[PDB]
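One structure is given here, and the rest of the page talks about it.
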Ligand SMILES: *[C@@H]1O[C@H](CO)[C@@H](O[C@@H]2O[C@H](CO)[C@@H](O[C@@H]3O[C@H](CO[C@@H]4O[C@H](CO)[C@@H](O)[C@H](O)[C@@H]4O)[C@@H](O)[C@H](O[C@H]4O[C@H](CO)[C@@H](O)[C@H](O)[C@@H]4O)[C@@H]3O)[C@H](O)[C@H]2NC(C)=O)[C@H](O)[C@H]1NC(C)=O
Ligand SMILES: *[C@@H]1O[C@H](CO)[C@@H](O[C@@H]2O[C@H](CO)[C@@H](O[C@@H]3O[C@H](CO)[C@@H](O)[C@H](O)[C@@H]3O)[C@H](O)[C@H]2NC(C)=O)[C@H](O)[C@H]1NC(C)=O
Ligand SMILES: *[C@@H]1O[C@H](CO)[C@@H](O)[C@H](O)[C@@H]1O
Ligand SMILES: *[C@@H]1O[C@H](CO)[C@@H](O)[C@H](O)[C@@H]1O
Ligand SMILES: *[C@@H]1O[C@H](CO)[C@@H](O)[C@H](O)[C@@H]1O
Ligand SMILES: *[C@H]1O[C@H](CO)[C@@H](O)[C@H](O)[C@@H]1O
Ligand SMILES: *[C@H]1O[C@H](CO)[C@@H](O)[C@H](O)[C@@H]1O
Ligand SMILES: *[C@H]1O[C@H](CO)[C@@H](O)[C@H](O)[C@@H]1O
Ligand SMILES: *[C@H]1O[C@H](CO)[C@@H](O)[C@H](O)[C@@H]1O
Ligand SMILES: *[C@H]1O[C@H](CO)[C@@H](O)[C@H](O)[C@@H]1O
Ligand SMILES: *[C@H]1O[C@H](CO)[C@@H](O)[C@H](O)[C@@H]1O
Ligand SMILES: *[C@H]1O[C@H](CO)[C@@H](O)[C@H](O)[C@@H]1O
Ligand SMILES: *[C@H]1O[C@H](CO)[C@@H](O)[C@H](O)[C@@H]1O
Ligand SMILES: *[C@H]1O[C@H](CO)[C@@H](O)[C@H](O)[C@@H]1O
Ligand SMILES: *[C@H]1O[C@H](CO)[C@@H](O)[C@H](O)[C@@H]1O
Ligand SMILES: *[C@H]1O[C@H](CO)[C@@H](O)[C@H](O)[C@@H]1O
Ligand SMILES: *[C@H]1O[C@H](CO)[C@@H](O)[C@H](O)[C@@H]1O
Ligand SMILES: *[C@H]1O[C@H](CO)[C@@H](O)[C@H](O)[C@@H]1O
Ligand SMILES: *[C@H]1O[C@H](CO)[C@@H](O)[C@H](O)[C@@H]1O
Ligand SMILES: *[C@H]1O[C@H](CO)[C@@H](O)[C@H](O)[C@H]1O
């Protein structure tokens, strides 16, 4: 949950009035051929303190990556489309050590076409599209990120930020994270993600993060981690998350390590067609083990989950696997009604976890244990609707991905918090 106000300190109109650096004035050519990188860099240099970097409608080729740093009361208005032509590694666009910042499109049509499929068709990965590091008092909204060669959007140690009204659509494989975030006091809402890895995921250290109205439309799903040594994650809320045809509805992953994860609320989730549903995994096999007794998870509430999973017999819809040497404590599982899409039974798995709900123990002696429960009849009230835009098929790995429009519907029965800019 947020600890204070988020977003830029001054409006884009105020910054624009101070000074507008139109990239066409810094050598940019909207010919979908001439490298726009240098122009953005020169425009930033002139407008990074109090001004606004403006990218008018048109098609631009990005051949060399840009690293924009040291801004103060600045903004970038992306009203055109950037196409990746560069082949270097790294981040196509990186904004670092900047305060009072806004990255947006006034038309709700600004986009970055990463052409990640060129790499994926060959079994490889390329640059990430966007990375914000140590950015404070900011907002990123009304933009579209498509087919990143690797990650789409990472917020590395940022704070007092708001991210919303975005569509992120990437390839159908792991390694193509949607939004990865760590820092403090960040509000993410009204975002749709397609890929086969992180939907909106929190990493350590992080405190006071609110994530809601998220539409994981064929994705890896939301998660927390991987968590390792010296973990410190606290006051995290995810609510009103709709997940379709994904790896999971929510996963907390660690494998050894230390530190603590506390005060997490995951409520109002709906899922259909996923591999896993609730998957707390303290022995996540996809990551090499970290020295320590295990990250201590405490006071985690999972409430009001409904829907169906592809196969609840092979993948327990309720899977709570904690460290035997660092038992989960104070977990509250309440009103989780998930049923299986094939078969007539499903399993609930609990390992060394304490609290109240389903297979959890409410004991005093937090010793380890392993238990499996077979449910032979559909939990009452598992029925939940679907979203009209649920993908019938994903975008593969060998053909370009068409640029989507930003939707105005993310979770059943709710409307977006903020109207689209255009
Ligand atoms: C901005 O600039 C970017 C480049 O950075 C443009 O992206 C390229 O767009 C063009 C289309 O305008 C793409 O080329 C066409 O791709 C077609 C599909 O790809 C092929 O698929 C077949 C079958 O799977 C394979 O055999 C090929 O190996 C390719 O993978 C392709 O079929 C087509 O080929 C035919 O092109 C012309 C006209 O169709 C024929 O005359 C020619 O003989 C050939 O047979 C094109 O090559 C190109 O792939 C895109 N680049 C990338 C990286 O995706 C944007 O389109 C530009 N945007 C704007 C708005 O201008
Ligand atoms: C376990 O974790 C939960 C969060 O996951 C903690 O809940 C939070 O507890 C506080 C106090 O009970 C709730 O009250 C809030 O207080 C502030 C300031 O007074 C006020 O601004 C809010 O309007 C609200 O009243 C807070 O809302 C609640 N968080 C959520 C998301 O509901 C809980 O305290 C932890 N329990 C233990 C034993 O540590
Ligand atoms: C259950 O017992 C211990 C924990 O209590 C596990 O380590 C073991 O794998 C079994 O499933
Ligand atoms: C629950 O049962 C499953 C098999 O159905 C085991 O894999 C697990 O360790 C626990 O005993
Ligand atoms: C499956 O259905 C009933 C529902 O009451 C279960 O309680 C029982 O275990 C059976 O095998
Ligand atoms: C760990 O071991 C103790 C004693 O066997 C139990 O009381 C507890 O429920 C858990 O199985
Ligand atoms: C879980 O782990 C404890 C020790 O950490 C054992 O006592 C128990 O038998 C199970 O393996
Ligand atoms: C999980 O389920 C098994 C069998 O129902 C129990 O024996 C165990 O104590 C835990 O409740
Ligand atoms: C298997 O056991 C769990 C508790 O261990 C029940 O919640 C479930 O209904 C099934 O009987
Ligand atoms: C459910 O519980 C056990 C867990 O060991 C399953 O293996 C069995 O099929 C039962 O129905
Ligand atoms: C069956 O029972 C559940 C609570 O366990 C309700 O949520 C549902 O509406 C139905 O009455
Ligand atoms: C699932 O059900 C809801 C109402 O419960 C509809 O609004 C939706 O279109 C879908 O049919
Ligand atoms: C079960 O009930 C829900 C809402 O009550 C529907 O949306 C779903 O399609 C199914 O009929
Ligand atoms: C999800 O699926 C239901 C039917 O199962 C539709 O009513 C809804 O529009 C969406 O396609
Ligand atoms: C690209 O990947 C292969 C061809 O390399 C196709 O099977 C797939 O449908 C996509 O067009
Ligand atoms: C992927 O990208 C290429 C180039 O923009 C298009 O030709 C194709 O239709 C898809 O949008
Ligand atoms: C936003 O706009 C869409 C159409 O793009 C509507 O379907 C939705 O209800 C919301 O008004
Ligand atoms: C988003 O908006 C659509 C209408 O376009 C609803 O059907 C959905 O439940 C959510 O409110
Ligand atoms: C998105 O923006 C609107 C105003 O346009 C706010 O009211 C909302 O809280 C969110 O910041
Ligand atoms: C974006 O807007 C189009 C219509 O303009 C709609 O078809 C899409 O579903 C939405 O994401």
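Residue numbers (PDB author numbering): 1 to 422. Built from N, CA and C at the ideal position, the CB exists for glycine as well.
At the C-beta level, residue 202 and residue 237 stay beyond 8 angstroms of one another. Residue selection by CB proximity (closer than 7 angstroms to any heavy atom of ligand 4) returns 347, 349, 370, 371 and 372 in chain order.
Taking the C-beta atoms as reference points, residue 129 is found nearer than 8 angstroms to residue 152. Nearest C-alpha to residue 322 among 315, 367 and 344: 367.
Under the Cβ criterion (8 angstroms, minimum of three pairs), the region 135-152 does not count as touching the region 359-366.
For residue 359, there is no enclosing beta strand (DSSP E), as DSSP marks it with neither H nor E.
Per DSSP, reduced to three states, the secondary structure at residue 322 is coil, with no helix or strand assignment.
387 is the residue among 196, 387, 404 and 220 whose C-alpha sits nearest the C-alpha of residue 414. The criterion of a C-beta distance shorter than 8 angstroms is satisfied by residue 219 and residue 193. Less than 8 angstroms separates the beta-carbon of residue 293 from that of residue 258. Remark: the C-beta of residue 409 is in contact range of ligand 17, defined as less than 7 angstroms to any heavy atom.
For residue 303, the enclosing beta strand (DSSP E) covers residues 296-309. Straight through space, the alpha carbons of residue 274 and residue 300 are spaced by roughly 22 angstroms. Set against 7 angstroms, the gap from the CB of residue 392 to the closest heavy atom of ligand 15 is not smaller. Every beta strand (DSSP E) stretch that sits fully inside the region 28-75 and reaches 3 residues is listed by chain position as 52-55, 59-62 and 66-69. Counting only runs of 3 or more residues that sit fully inside the region 242-303, the beta strand (DSSP E) segments are 250-254, 259-274 and 278-281, in chain order.
With a cutoff of 7 angstroms, residue 384 does not count as near ligand 14, since its C-beta is closer than that to no heavy atom of the ligand. Per DSSP, residue 119 is one residue of the alpha helix (DSSP H) stretching across 117-120. Counting only the Cα atoms, residue 370 lies some 43 angstroms from residue 145. For ligand 9, a non-hydrogen atom lies closer than 7 angstroms to the CB of residue 374.
When distances are taken from the beta-carbon of residue 367 to the heavy atoms of ligand 7, the shortest one is below 7 angstroms. With 16 or more other Cβ atoms inside 10 Å of its own Cβ, residue 231 counts as buried. CA-CA distance, residue 157 to residue 182, rounds to 5 angstroms.
Here residue 109 carries a coil assignment [DSSP, helix/strand/coil]. Residue side-chain check: residue 377 places its Cβ nearer than 7 angstroms to a non-hydrogen atom of ligand 5. Put simply, of 31, 8, 44 and 2 the residue whose alpha carbon is nearest the alpha carbon of residue 20 is 44.
In the DSSP assignment, residue 16 falls within the alpha helix (DSSP H) that extends over 12-18. Under DSSP, residue 347 shares a beta bridge with 374.
Cβ contact annotation for residue 94 (same chain, cutoff 6 angstroms, sequence separation greater than five): 67 and 131, in chain order. The C-beta distance from residue 421 to residue 106 rounds to 5 angstroms, short enough to meet the 8 angstroms contact threshold. Assignment of residue 420 by DSSP, reduced to helix, strand and coil, places it in the coil class.
With a contact defined as Cβ atoms closer than 8 angstroms, residue 375 and residue 345 qualify at about 6 angstroms.
Taking a C-beta distance under 8 angstroms as the contact criterion, residue 409 and residue 147 do not qualify as a contact pair. Pairing residue 63 with residue 80 gives a Cβ-Cβ distance that is not under 8 angstroms. With fewer than 16 neighbouring CB atoms inside 10 Å of its own CB, residue 356 falls in the exposed class.
Looking at the backbone, the Cα of residue 172 and that of residue 18 are separated by about 43 angstroms.
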